[PDB]
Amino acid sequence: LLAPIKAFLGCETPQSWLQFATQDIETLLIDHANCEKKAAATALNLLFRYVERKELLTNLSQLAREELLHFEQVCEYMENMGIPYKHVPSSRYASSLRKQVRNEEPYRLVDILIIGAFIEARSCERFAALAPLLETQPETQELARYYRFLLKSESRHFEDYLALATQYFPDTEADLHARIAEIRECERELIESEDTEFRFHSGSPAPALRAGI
């Protein structure tokens, strides 16, 4: 299941991220909640703009409902875990990737769908990496269960985004691969490079941030 996710991504989640993540479950979960909202937002914006693309309408409308359901599920975990819904401003991740999107159609559309694929792939890999680590303490065992449950969901979302990108790309398969490889390098750098904040999709925690715990 994770084999094609790992092939598609340009790196694994660094061990530095995973070590920090277990020391700030609160930020992890609130940012997770926000990411689920953002994935619904992305899909819905696409439903507004590309009404001629009929497989995108069917698939992404379903996806946006599932993401909203994920949102409600995380909100319930927060309730149950005693976690208030604090203001956590968004990661650098999605906004940086969104800066790569080309203006010219249909490359705009294709880039957005390729980024979707990478975001969903990365989430899937990161949930997978976290789940066994969270399993090790009782107060995070329920979250681990939930993270393993999400894996199937995210894997499908990745596949769907990538399938859409493939069918609406106008040029050769080789041209698609080369563009995917460009976005892969951007995403890899966002994940592996140092990051002074901690979020679901934040990069390798900086010393500054390590000192704070």
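A residue's number is simply how far along the shown sequence it sits, counting from 1.
Please compare 77-85 with 97-105 and name the stretch with the higher mean C-alpha B-factor in the deposited structure. It is 77-85.
Per the PDB record, is the mean Cα temperature factor higher over 151-159 or over 30-38? According to the PDB entry, the answer is 151-159.
When the deposited Cα B-factors of this chain's modelled residues are ordered and cut into thirds, is residue 23 in the lowest, the middle or the highest one? Middle third, going by the recorded CA B-factors of the chain.
Compare the C-alpha B factor of residue 90 with those of the other modelled residues in its chain, then answer lowest, middle or highest third. Within its chain, residue 90 is a middle-third residue by C-alpha B-factor, going by the deposited values.
Would you please rank residue 171 by its C-alpha temperature factor against the other modelled residues of its chain and give the third it falls in: lowest, middle or highest? CA B-factor rank for residue 171: middle third.
Where does the C-alpha B-factor of residue 202 rank in its chain, lowest, middle or highest third? It falls in the bottom third of the chain.
In terms of the chain's CA B-factor thirds, is residue 184 lowest, middle or highest? Ranked within chain, residue 184 CA B lands in the middle tercile.
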